[PDB]
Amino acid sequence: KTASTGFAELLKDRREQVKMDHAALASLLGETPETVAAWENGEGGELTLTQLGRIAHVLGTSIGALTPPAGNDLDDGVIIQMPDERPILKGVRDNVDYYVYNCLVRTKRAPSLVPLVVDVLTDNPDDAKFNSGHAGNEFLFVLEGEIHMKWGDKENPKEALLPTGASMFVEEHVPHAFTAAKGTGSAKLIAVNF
């Protein structure tokens, strides 16, 4: 569905549930009832983010509540990604090639799902670079080599030396950091954020 059509149907839904008519709503917004009716007819495409903010406010709700869901990109409930179409993204922390993100399949039917094959470039734990924790839990699996894992307080953290085949879970907002085992050059792991 388009932003316009989704908005058109949801706006009408919301307007009706708070008992307003085109006239009533048009008044609170300083618009004409025809304008409002136009939106409800799919002509809202050029409304600005700020204007959408006002409409949501007047309807005592959020912009998200008035916009359609992510959408559906599945092929009969499935979506596949070949190994050569994986987007690559160099990760840099403190002007260093820390990670290399090879992005796996993603779908608008589960936006929070972000699976990655991560090349861990550095192999000096003492130079581990912490992220500040992030929303969503994360599942990890060591694909190759040994990983030196660090989590918690970046000043005084807990650590773990993980052999190939190990698997771990990091709750959301828990700060963590990885490097390959001391001197082993590099390691590789699968990270699934969900």
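Throughout, we count residues from 1 along the sequence that is shown. The term rigid core refers to the most C-alpha atoms you can superpose between the two forms while keeping them within 1.5 Å.
Which of 46-54 and 124-132 lies farther from this form in 8 other deposited structures of this protein, as RMS of C-alpha positions after a rigid core fit: With the rigid core superposed, the C-alphas that lie farther in 8 other deposited structures of this protein are those of 124-132.
At least a third of the other compared entries leaving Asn95 unmodelled, is that the case? Looking at the other entries that model residues on either side of it, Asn95 is missing from at least a third.
Do the C-alpha atoms of 128-136 or of 46-54 have the higher average B factor in the entry? Between 128-136 and 46-54, it is 128-136 that shows the higher mean C-alpha B-factor.
Can you tell me whether 101-109 has a higher mean C-alpha B factor than 84-92 in this record, or the other way round? According to the PDB entry, the answer is 84-92.
Which is it among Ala160, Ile63, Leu143, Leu59: the one with the largest CA B-factor in the entry? Within the set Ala160, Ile63, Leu143, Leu59, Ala160 shows the top C-alpha B-factor.
Modelled-residue ranking by C-alpha temperature factor, third containing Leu121: Within its chain, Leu121 is a highest-third residue by C-alpha B-factor, going by the deposited values.
So where's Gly165 on the chain's Cα temperature factor ranking, which third? Lowest third - that is where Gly165 ends up once the chain's C-alpha B-factors are sorted.
Within this chain's modelled residues, let me know which third the CA B factor of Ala3 belongs to: lowest, middle or highest. Ranked within chain, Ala3 CA B lands in the highest tercile.
Would you mind ranking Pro69 by its C-alpha B-factor against the rest of the chain and naming the third, lowest, middle or highest? It falls in the bottom third of the chain.
Considering every modelled residue of the chain and its Cα B-factor in the PDB entry, is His173 in the lowest, middle or highest third? Answer is highest: the recorded C-alpha B-factor places it there.
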